[PDB]
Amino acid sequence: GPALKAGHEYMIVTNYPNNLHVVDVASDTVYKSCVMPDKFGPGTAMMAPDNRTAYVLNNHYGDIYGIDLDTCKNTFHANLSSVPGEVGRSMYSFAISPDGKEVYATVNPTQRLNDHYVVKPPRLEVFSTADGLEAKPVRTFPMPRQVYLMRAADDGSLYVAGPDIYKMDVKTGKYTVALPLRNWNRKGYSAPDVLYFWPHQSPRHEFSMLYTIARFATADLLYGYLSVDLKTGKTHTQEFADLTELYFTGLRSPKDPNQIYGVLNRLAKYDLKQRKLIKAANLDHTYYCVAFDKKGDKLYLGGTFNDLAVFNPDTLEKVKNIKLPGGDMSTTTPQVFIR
């Protein structure tokens, strides 16, 4: 429909039926809507380096589609079940190359036979975005189990979230531990717990996830923040508060990085340095995913139902709600970019 304007800020969010909506961040209104092919699930999207193509893991975690936002055209399609007799699923595990020429996806395949199933080892499959609607693996490597979120750093390296965070070479497939989680033998603490299905493309250009950890049942529950700088590969972890409630997603304000905002049943504002809660706000309902605009003047709350809550991050109060056409956003992740 209407092509996106240059210099203008936009936000993409996927909605239940099978829509991808473009939100004009300036007016807080729906700019346009695109109907997506096949079926929804998870509907997780990420913008390509061209600020024009959105890549979406859809069709029940078994396919990846490229949609051109200016025209709503399906320009790319990769099915994750190219190996005969196997069904491949991706647990939110896909990433776009810095130049936007390849798409990576780790596939947990299952061989389905006549009277039984056989779970096979996972594998990373590389697809060339130039291959269109019938893209097939141009390269494949072995992957460890329990791999989920992945983000391609600027130097082409692939940061893979699994039992540990790995740094992977997409040409050789060799990887090393970039940040130990399960094997983080930190004395006085337990191993961290990480549950994250939201690959935020935040203004800070970092791969961040929240985690919880017990500091020695008497063990003290803490919330932490982990981050991988996608420019320099620099990693960082740090607890920012004693756990009194749960948060699904959390982001640092691009305006003030010392402030981290987490969300679920309440929207909390924390002081990283002081490890202190500065303010919490009650929500109209549960929200899963936070999203900050470029300057950090607005805080969007998505996921769950069909409405985006718009908050003033300073006052921590809901300014308005953007009602999206259709239904539930479910586990979708709101993505902000400048066209």
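One-based numbering along the sequence shown.
J.: What size is the break between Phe216 and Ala217 in terms of deposited sequence residues left without coordinates: none, 1 to 3, 4 to 9, or 10 or more?
T.: Going from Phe216 to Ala217, the model skips 4 to 9 residues of the deposited sequence.
J.: For the C-alpha atoms alone, is the average B factor greater in 105-113 or in 241-249, going by the entry?
T.: Comparing 241-249 with 105-113, the higher average CA B-factor belongs to 241-249.
J.: Is the mean CA B factor in the deposited entry higher across 95-103 or across 177-185?
T.: Per the PDB record, 177-185.
J.: Would you mind checking which of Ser128, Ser90, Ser202, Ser81 has the top Cα temperature factor in the PDB entry?
T.: When the deposited C-alpha B-factors of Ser128, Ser90, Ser202, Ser81 are compared, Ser202 is largest.
J.: When the CA B-factors of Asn306, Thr286, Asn59, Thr29 are compared as recorded in the entry, which is the largest?
T.: That would be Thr29, according to the entry.
J.: Lowest, middle or highest third: where is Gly326 by Cα B-factor in its chain?
T.: Within its chain, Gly326 is a middle-third residue by C-alpha B-factor, going by the deposited values.
J.: Please say which third, lowest, middle or highest, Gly224 falls into when its CA temperature factor is compared across its chain.
T.: For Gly224, the deposited C-alpha B-factor lands in the middle third.
J.: Consider only the C-alpha atoms of the modelled residues in this chain, order them by B-factor as the entry records it, and name the third containing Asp164: lowest, middle or highest.
T.: Lowest third.
J.: Lowest, middle or highest third: where is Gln274 by Cα B-factor in its chain?
T.: Ranked within chain, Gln274 CA B lands in the highest tercile.
J.: By the recorded C-alpha temperature factor, relative to the other modelled residues in its chain, which third is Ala291 in?
T.: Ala291: CA B-factor falls in the middle third of its chain.
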